[PDB]
C-alpha cells in the first residue's frame, strides 16, 4: 500500500526520538509521488488520530505507534532457543460460544504460529516461548509432545513448499523492482509474508528455505530508507 500514512511510517522508520520537519517529509515523500497537498492533510490527520506527535521541531512517531512498531520486530525476530525435539500442543476442549469467538481462536493460533494438525489440535516446536493469552485462550489443554518424524510433522502442519515458493517469488520481485515505490510495495509484501513464518528450528528447515533471504532484503530496504533521511537531514 503506497498510501500517504503508510509511506510516512516507512520514511520515519528508526527516526524516533529525532523529529522530522514538514519540509523534510515533503522532500522524502515525493519520489513516492506526493506533493505537499495530500501529505500536510495526512500529517494533520495522523496527529489527530494519535499516530504522530508534533512539536516546533516537526514530527516523530507516537509512543503507541512506536510500541506497535517494536512488537512487529520481536514478531519478525522472536527470540528462538536451540531445539531439543519437543512440541507445544494445544488441544481445544471447548467450543467458543459465538462466531467472533471461534474466529478469534483461529486468528490467535495463527498469530502465535501454531499449525493445525487436524480439527482442535494445534502444535509447534517449543523454540518460541508460548505464553497463553490469559482468558480468551484459557479453554485448551496444554501438553508437551514429541514426534519420531518431526520434519514430516512440520511438513504436515504447514504448507512448507508453498511458503518457500511464495518467498522466492518475492525475492525475484525485489530483484526486479525498478524504483523506490516498487521496492516499497515489495517490502510490505515481505513483511506480510514473514508474519506467517512458522519460525522453525534449524533441524527442520529445508535448505531452500527463503526466511533469511527475506529478512536481509527487508533489512536492506529499511537501511536504504533510513539513509535517505540522513541525506536530507544533514
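Positions refer to the first chain, counted from 1.
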>> Test of understanding: from the entry's C-alpha B-factors, which stretch has the higher mean, 82 to 90 or 95 to 103?
In response: 82 to 90
>> Test of understanding: from the entry's C-alpha B-factors, which stretch has the higher mean, 197 to 205 or 38 to 46?
In response: 38 to 46
> For the listed residues 77, 113, 141, 118, which one has the largest C-alpha B-factor as given in the deposited model?
Replying inline: 77
> Highest CA temperature factor in the entry: which of 145, 149, 157, 132?
Replying inline: 132
>> Ranking every modelled residue in this chain by its Cα temperature factor as given in the entry, which third contains residue 168?
In response: lowest
> Looking at the C-alpha B-factor of residue 136, is it in the lowest, middle or highest third of its chain?
Replying inline: highest
> Is the Cα B-factor recorded for residue 188 in the lowest, middle or highest third of its chain?
Replying inline: lowest
